[PDB]
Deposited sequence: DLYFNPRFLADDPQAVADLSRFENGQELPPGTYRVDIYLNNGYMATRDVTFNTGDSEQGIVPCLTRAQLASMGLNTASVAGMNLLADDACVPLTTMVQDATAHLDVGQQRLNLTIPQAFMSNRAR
């Protein structure tokens, strides 16, 4: 229950998102990426509309996750994906989380150690 007057804008198609409590519309944002509280990288990440509470989800490829230490053979079905496919992280990787801290422009990822590179 929010109202923003659309005459203040104009791509005002993003207005309903804000009126429904969302912080950030889909787009490509410069973010600091963290995985299990370890700093990974600072780069542009594309955020598409998705099933998250935030209304948006980051597009992370198999290769980009492997570049963060993910042992991709340990993740069932991951090998079936295409190279450019946005990994459905929170459903494919058991117990994994992704959240964008919008105020800090910081993408916080978590992935259980069972799936990371160890021993």
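| query | Can you list the gaps, numbered from 1 on the deposited sequence, where no C-alpha is modelled? | reply | Unobserved in coordinates, per deposited numbering: 11-14, 124-125.
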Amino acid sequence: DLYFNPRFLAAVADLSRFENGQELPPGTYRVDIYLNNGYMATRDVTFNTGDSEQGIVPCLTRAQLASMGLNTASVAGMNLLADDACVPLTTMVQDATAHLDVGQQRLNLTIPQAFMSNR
From here on, numbers count along this sequence of modelled residues.
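| task | Using the B-factors recorded in the PDB entry, average over the C-alpha atoms of 40-48 and of 71-79, then report which stretch comes out higher. | result | Comparing 40-48 with 71-79, the higher average CA B-factor belongs to 71-79.
| field | Per the entry, higher mean C-alpha B factor between 11-19 and 94-102 | value | The entry gives the higher C-alpha B-factor average to 11-19.
| Which one of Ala85, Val57, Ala66, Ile33 shows the top CA temperature factor in the record? | Reading the PDB entry, the winner on C-alpha B-factor is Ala85.
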